[PDB]
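could you work out the structure for the sequence below:
(2 chains)
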Amino acid sequence: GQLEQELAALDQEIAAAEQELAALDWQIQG
Amino acid sequence: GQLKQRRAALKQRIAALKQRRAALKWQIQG
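Numbers count the residues shown, from 1 in each chain, chains lettered A, B, ... in the order given. Next up is the structure itself:
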């Protein structure tokens, strides 16, 4: 419960960061 | 460039988040 809830937030944060990372990848190339 | 700096900082945050995630999984397993 508690630990799975913490994991859910971590994976949400990782997903959001991976999304921005891919966006910056394109932006750096133009 | 500015974008390249934000990308590097973002990659470090992802690495930190993934390490926290891995440590949490170890806590869940024991």
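
kindly report the residues of chain B close to chain A.
Listed as neighbours of chain A in chain B under the rule Cβ under 8 Å from any Cβ of the partner chain: B:1, B:3-4, B:6-7, B:10-11, B:13-14, B:17-18, B:20-21, B:24-25, B:27-28. C-beta coordinates here come from the backbone N, C-alpha and C atoms, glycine included.

let's see it at 10 Å
Within reach of chain A by Cβ under 10 Å from any Cβ of the partner chain, chain B has these residues: B:1-4, B:6-8, B:10-11, B:13-18, B:20-22, B:24-25, B:27-29.

buried subset of those residues?
B:7, B:10, B:14, B:17 (16 or more other Cβ atoms under 10 Å in any protein chain shown).

quick one: the host helix or strand of residue B:5 to chain centroid distance?
Using DSSP states H and E, residue B:5 sits in helix B:2-29. From the chain centre to the centre of helix B:2-29 is a distance of 0 Å (Cα atoms, centre = their mean, to the nearest Å).

so what does it touch, helix or strand wise?
helix A:2-28 (3 or more Cβ pairs under 10 Å, 6 or more residues apart in numbering or on different chains; DSSP states H and E).

can you list the buried residues in the helix it packs on?
Applying 16+ other Cβ under 10 Å to helix A:2-28 flags A:7, A:10, A:14, A:17, A:24 as buried.
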